[PDB]
Structure formats: C-alpha cells, structure tokens
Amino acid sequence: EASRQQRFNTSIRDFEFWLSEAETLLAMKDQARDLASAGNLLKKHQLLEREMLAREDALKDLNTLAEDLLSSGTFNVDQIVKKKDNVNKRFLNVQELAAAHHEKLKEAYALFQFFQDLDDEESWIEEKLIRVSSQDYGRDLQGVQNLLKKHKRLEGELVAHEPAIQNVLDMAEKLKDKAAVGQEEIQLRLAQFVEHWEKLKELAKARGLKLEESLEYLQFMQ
C-alpha cells in the first residue's frame, strides 16, 4: 500500500546498499593474496555480472517513478533529483568497471593455480627421477622380466604427464605478461623444470633400451 514517494525512498535505499556492496568489491581488486581469496572474489564478481542487467532494468523503473514524482508537484524536488542522479552515476561507474575487474581477478586466480601446478609438477618429476635412476638391468631372465614390467608401469605413469607438464609451460606463455612470472627466480625454476623433464625423458628412454638389450642377452645366456 506504499505511496509513490515511500516506494521511491525504499527503492533508493535498496539501490544505495547494493551499490555500496559492488563498490566495496571493486575496491578489493588487489586483495587476491591466494587461490581461495581470489576464488571468493570471483564468486562475488559472478553474482555482480548476473545481477547487472536486472539492476539496469529496475533502475529504468526507479527513474520513471522519480520523473512521475517530479511532474506531479512534489515538495522535495531537490532531494529526489539528488538521490536519483547519485544512484544513476554510481550505477554507471559499477557497470563500466565491473568486467575489467572481473577479468583481472580471473588472471590472479589463474596465476595462483599456475604456481600450485608448477610446485606439484616439480615434485612429481623429482620423485620419478629417483625411480628411474637404477642401473639394475637384471642378472637372470625372471629378474629382467620383473624390471621390464616395472619400467613399462613407469612409462605408463609417464606418457600421460606430457600435457600436465605442457600446461605449466603453456600457462607460463599465457601468463608471460605479468611481473610475478617474469621475476628471475621463476624464470630459473621454469628453465630447471624443463631441464629436469628432459633429463627424466632421456633417462627413461635410455633405461628402457638397456632393459630390452638385457632381456635379449639373458634369453640366449640362460
């Protein structure tokens, strides 16, 4: 049952609160300090993106209501004008900045995920370098057959990692722009990561060939 003036005031208060929340989110652009915090901010940006067109539509009706109040001889003309124009200016500012801020946060989340993937894959290569660093090629036929069964399991666990390793080298190319990746400590880690990956591949290939040569030898020498 509210009057036009009461509905206008309630709508303005509702928009002011929504705008203040969106302005706070835009002011949190540089608070993405880890994956979880970037993720929290991305969820807020997804809600803002989803609500934008509905708020734009509601603002059109709020503007129509304000103009209806102004044309009907209301007492608080200046108060209505200031409330309406302030909400419209603040909405345009949110609308014009939101997508850029959202994109910067998607880049921050991607950078944090890249650093987690680099850490993980460095450890994975290091563990495989221990596994492959064997000079046991078998002393008898059953022995070399056991070693070849294990070496094929290593080659099976390995072949499927080329894309996980390439995802680190590609995401380093996609995020080659940002400073944190360009830092000399990260550029060294990426060169060493490639050095250890190729060394792991050089060792696995070489060991497999030695194991096949050993099986052939031990089959004649049994």
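Numbering starts at 1 and runs along the sequence shown.
Task: Higher-B stretch (mean Cα B-factor, as the entry records it), 86-94 or 112-120 - done: 112-120 has the higher mean C-alpha B-factor.
**OP:** Name the higher of the two by mean Cα B-factor in the PDB entry, 61-69 versus 179-187.
**Re:** Looking at the recorded C-alpha B-factors, 179-187 comes out higher on average.
Given 153, 29, 55, 43, identify the residue with the highest C-alpha B factor in the PDB entry. Comparing C-alpha B-factors across 153, 29, 55, 43, the top value belongs to 153.
**Q.** Chain thirds of CA B-factor: placement of residue 79
**A.** CA B-factor rank for residue 79: lowest third.
### Message
Going by the CA temperature factor in the PDB record, which third of the chain does residue 205 belong to: lowest, middle or highest?
### Response
CA B-factor rank for residue 205: highest third.
* In terms of the CA temperature factor given in the entry, to which third of its chain does residue 212 belong: lowest, middle or highest? -> Ranked within chain, residue 212 CA B lands in the middle tercile.
| request: Would you please rank residue 165 by its C-alpha temperature factor against the other modelled residues of its chain and give the third it falls in: lowest, middle or highest? | output: Tercile = highest for this residue's CA B-factor.
For the chain shown, is the CA B-factor of residue 35 in the lowest, middle or highest third of its modelled residues?
Its C-alpha B-factor belongs to the middle third of this chain's values.
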